[PDB]
């Protein structure tokens, strides 16, 4: 140890890192314009990258996901997207760039044991730019991006960065009044999106395709209803969030925020197979109707609540969709039947008197490796302290809530199940940190500095199995 003259020992922070293991945390920084990998075994930032260095004129570094690497310390690859345009104006920061870049870039970056290397922009390769959740396929042979301004999600080939398939979603509201457009129901169309360009390419880079000028914020479903969200076709919006993956392969689920549904897709045969109904009180599913070989519809009598967070248990047994704002809860499906998602039926709802209000919103989660516990974020607007709720995933009950500080975002877990590692991001202008909480008795062990506005974080997985509790099955 290190002793004073008094024989009292100094605290070495290295002692704190010793216990965490050999794990590499990565996180983008939103308005900071940077992305950073951290060695949780030493406290060092291993390498960071500033997209402005590459001529990016709106480097709002947004979602990300890391491919497994046998040894992350020697190398790993990862995907990180950006947003642009009026997403720049939506936080508490008096930005002065009135005409910023359009974003929707999808960067491929490789850490090489020393530095980050920006490989290319896959949105340029494919011509498809998408700016919300990034996930890796369970096979680690590609990745997926959702976007809630264009309402397009797509799975991409890891090697080529070419779109394997893309789905576009559209809203036909029963009542063409923004106030009632979702409440009073409507019909959502699912359309196969095909390349319109030479070389198998799309012509949907940057803001091409945008229905609204920014991604809705938490509870922003109120704001688009209230006419506060500008764009060409807000009545047509469904706010696609993510395409998450069944860890057993075959199925991918696209979350649609405004109509409160998730669409299960056959990855191989590239068709939709089921629509899951979010709000408590609705059946397990809504009816999928084929119109033609490229087009399907689903009618929703009414939208009781918006939904947001979506994903699978590591064993593929359960599927989860969070209702948010008008109901705050966790809706749970039995997805044990890997053969037929039309059989998936609701089996539980995690609820709490504490979720009475319009907040908190439960918009990120991570499961323990053994699928018995979930850690779920609790977000509020300033100044309410944000935190984590620990969920019993066997009985479907809230074990515990802890307060942390402002603007809680994502949660990752060391692959041995021992430590949850999360990010708080200051609403882009105030306090921000990495938080560490041990999963045995669920005690917060403290904070590490992180001067970034993280809307995502991952721990680099070693294996296909690690990926089941990484940015692949949940967001």
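Numbering follows the first chain given and starts at 1. For the two forms, the rigid core is made up of the largest set of C-alpha atoms that agree within 1.5 Å on superposition.
**Q** With the rigid core as the fit anchor, does 309-317 or 355-363 show bigger C-alpha shifts in 4 other deposited structures of this protein?
**A** It is 355-363 whose C-alphas lie farther from the shown form in 4 other deposited structures of this protein.
**Q** Do you reckon 463-471 or 9-17 strays further from the shown form in 4 other deposited structures of this protein, measuring C-alpha RMS after a core fit?
**A** The more displaced stretch in 4 other deposited structures of this protein turns out to be 9-17.
**Q** Averaging CA B factors per stretch from the PDB record, which one is higher: 102-110 or 331-339?
**A** According to the entry, 331-339 carries the higher average C-alpha B-factor.
**Q** Mean Cα B factor from the PDB record: higher for 438-446, or higher for 420-428?
**A** Higher mean C-alpha B-factor: 438-446.
**Q** For the CA B factor values reported in this entry, which option in 237, 135, 287, 83 has the top one?
**A** Among 237, 135, 287, 83, the PDB entry lists the largest C-alpha B-factor for 287.
**Q** Highest recorded C-alpha temperature factor, please, choosing from 146, 307, 381, 301.
**A** Top of the list by C-alpha B-factor: 301.
**Q** If you rank every modelled residue in this chain by C-alpha B factor, which third holds residue 325: lowest, middle or highest?
**A** Its C-alpha B-factor belongs to the highest third of this chain's values.
**Q** By the record's CA B-factor, is residue 126 among the lowest, middle or highest third of residues in the chain?
**A** Middle third.
**Q** Name the third of the chain's ranked CA B-factors that contains residue 208, choosing lowest, middle or highest.
**A** Answer is middle: the recorded C-alpha B-factor places it there.
**Q** Using the B-factors in the PDB entry, rank residue 68's C-alpha atom against the chain and give the third, lowest, middle or highest.
**A** Its C-alpha B-factor belongs to the middle third of this chain's values.
**Q** Taking only the Cα B-factors deposited for this chain, tell me whether residue 89 sits in the lowest, middle or highest third.
**A** Lowest third.
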